[PDB]
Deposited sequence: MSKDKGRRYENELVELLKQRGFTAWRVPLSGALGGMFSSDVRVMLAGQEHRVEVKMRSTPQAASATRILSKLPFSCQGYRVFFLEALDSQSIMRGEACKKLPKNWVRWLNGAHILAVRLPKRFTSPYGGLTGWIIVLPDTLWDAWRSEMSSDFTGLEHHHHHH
């Protein structure tokens, strides 16, 4: 009931070596370079419902100061999807979950798309492997 995907994202981040946890308030927290960051979690049933249809083939890319990528992707990298700016709602990281059947042909094995500020990309990469 919504917490399901927040817990899934927390376990996926903890598997990749991140210190992550859940805060009901409906938010997720992550440690990047020794700093706590709020992660907004959105789940949509289809790429159209998440305004990601034209996005999927472009990942990873940088747009309006954000790096947008599939959760497991480490490959080298415009307006941004209007629904996404509203979804950030104060937080700086956004995690969008789609069914894996939609993301997987494009390389998104887990179904998650991470919208992260460009300032945080260096720290995010140095918290894996």
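Going by the record, the unmodelled stretches of the deposited sequence, in order, are 1-4, 30-38, 91-97, 99, 151-163.
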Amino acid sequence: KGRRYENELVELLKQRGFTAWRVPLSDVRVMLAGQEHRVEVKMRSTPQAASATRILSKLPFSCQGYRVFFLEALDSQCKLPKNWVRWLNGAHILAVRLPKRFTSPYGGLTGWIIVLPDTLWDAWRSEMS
From here on, numbers count along this sequence of modelled residues.
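Relative to one another, 15-23 and 101-109 have unequal mean CA B-factors, and 15-23 is the one with the higher figure. The mean C-alpha temperature factor is higher for 79-87 when 79-87 and 42-50 are set side by side.
Set against one another, the Cα B-factors of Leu71, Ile93, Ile55, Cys63 in the record reach their highest point at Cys63.
Annotation for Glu6: CA B-factor lies in the middle third of the chain's modelled residues.
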